[PDB]
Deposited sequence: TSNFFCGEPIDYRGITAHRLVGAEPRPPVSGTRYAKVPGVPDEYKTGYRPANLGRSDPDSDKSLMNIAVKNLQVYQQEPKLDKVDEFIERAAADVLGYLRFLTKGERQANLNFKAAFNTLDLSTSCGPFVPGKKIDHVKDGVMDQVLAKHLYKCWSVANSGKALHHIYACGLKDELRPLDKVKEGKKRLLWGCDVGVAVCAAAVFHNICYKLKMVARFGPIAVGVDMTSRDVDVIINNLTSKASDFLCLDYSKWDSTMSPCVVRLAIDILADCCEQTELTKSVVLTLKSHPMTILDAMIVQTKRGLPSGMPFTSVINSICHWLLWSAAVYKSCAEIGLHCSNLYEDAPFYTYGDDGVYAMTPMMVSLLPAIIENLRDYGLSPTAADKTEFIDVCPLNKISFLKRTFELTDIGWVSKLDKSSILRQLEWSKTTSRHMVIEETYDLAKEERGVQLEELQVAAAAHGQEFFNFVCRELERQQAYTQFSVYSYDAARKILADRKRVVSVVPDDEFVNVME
């Protein structure tokens, strides 16, 4: 499905042949709640500013093309080294011990399809969402044709087309031109990968509180306590990192190793063989009538992105320390055990041993030399160690209460839910909306109270003062401070 080469702004692309075009969705679902006082505003804006961005050139196709260029750059690492190889042995030993040596069964078709959520686009080959083809309990003709072919091919062990549908992620971003792309996965790759990786990932999700892979953790529960106790079980210094341009710069050799590691304890069938071969191949994406090939990166819509990304992080964080130990003449090993750490995509929190604190400059540089761009989680200061009462993970800070440990979403994330609302219609600019009397907004604004309560009565009151004004716009309840506080407590215990 590549025809004749395109050359526009510096991307290597081709005219889409053999498939229908997949035009990206313009505009944004987000719109402004009317009458919001200025003290509640935080400065965030939709990623697709539209005609609210003065530069006329900043059109969707240009923006997407600009952000795709990055993925066509040659990767930092061409091959994995000895420290990443050491770290891979750790992950392998963690999984082999988790699974008790037993291989995880493939799901059959029905079970795998059932794991896909109804509201997901079907990828570049089938229009609409999953649910637009599975109405009266059964699949329609188009989806079934496509899914039977993919399933047949995959069970013969041959790889599938690792193709996605391109677009701009519709989300709120600060006032600063990098912007996240949408990698809408082909439904056939999705079902096949779900058949192969769901059982091992279900097992990982149960054991998420212990980590290192945090995918599945519940930041509102006792999970938080086991996360924190574990961090302080071996150290009294910590590191909180986030990474810029993570997805877009990931090296194939690392991604490929992550996939091999995750499939190691899977049932060794032809379907697994096919899924491994598919996800390991350089992913392509269809912008409109153009198909674009990549040279680096991990598509954030790859089936099981979070876990696979989390293995990459484990590999790279553990190698960076191991490399830094080697330079000082030390052999370091078993990092995840000796210095417990957690990982959720590009987000991580690590225990720092005295030796590791001393090796901090060399570790950040070793992270740089693997192609990553580390930054402090506390998005204000430089990278340094941060104490117990300062740790940050998954946009949440922590506080030791009588009901164990308690997590607080950063105040801005709460506040922006008062300023913005994810409407069901596309807006071509920043503007206000009155279509706010929806059940989904209601459950969001009641939940927002439980979120705010964690910051104290004064913040709760500040938020509720605006929430009480929005009760004319949305059918919902405003709890008392005590009532909300009882909900946090109930969610733990």
Please give the gaps, as residue ranges numbered from 1 in the deposited sequence, where no C-alpha is present. 1-4, 181-184, 502-516
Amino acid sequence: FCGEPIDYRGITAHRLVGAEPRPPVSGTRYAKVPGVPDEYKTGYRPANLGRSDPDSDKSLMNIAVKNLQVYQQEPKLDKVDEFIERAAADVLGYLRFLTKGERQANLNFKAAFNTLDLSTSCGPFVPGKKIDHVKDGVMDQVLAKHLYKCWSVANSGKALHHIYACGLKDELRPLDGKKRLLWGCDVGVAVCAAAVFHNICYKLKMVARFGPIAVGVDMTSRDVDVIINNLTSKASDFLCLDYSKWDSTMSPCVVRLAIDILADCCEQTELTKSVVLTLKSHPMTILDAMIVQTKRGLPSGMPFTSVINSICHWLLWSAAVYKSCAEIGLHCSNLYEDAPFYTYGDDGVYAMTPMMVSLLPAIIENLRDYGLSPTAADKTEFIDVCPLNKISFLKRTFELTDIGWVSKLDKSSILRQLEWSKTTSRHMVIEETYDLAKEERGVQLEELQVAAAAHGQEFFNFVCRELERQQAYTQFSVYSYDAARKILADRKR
From here on, numbers count along this sequence of modelled residues.
Mean Cα B factor from the PDB record: higher for 250-258, or higher for 380-388? 380-388
Higher of the two mean Cα B-factors (121-129, 75-83; per PDB record) comes from 121-129
Maximum C-alpha temperature factor per the entry, among 199, 221, 334, 358, belongs to which one? 334
When the CA B-factors of 323, 296, 203, 280 are compared as recorded in the entry, which is the largest? 203
Ranking the modelled residues of this chain by C-alpha B-factor as given in the entry, is residue 268 in the lowest, middle or highest third? middle
Quick tally, chain-level thirds of C-alpha B-factors: residue 9 sits in the highest
Ranking the modelled residues of this chain by C-alpha B-factor as given in the entry, is residue 35 in the lowest, middle or highest third? lowest
Ranking the modelled residues of this chain by C-alpha B-factor as given in the entry, is residue 94 in the lowest, middle or highest third? lowest
Taking only the Cα B-factors deposited for this chain, tell me whether residue 468 sits in the lowest, middle or highest third. middle
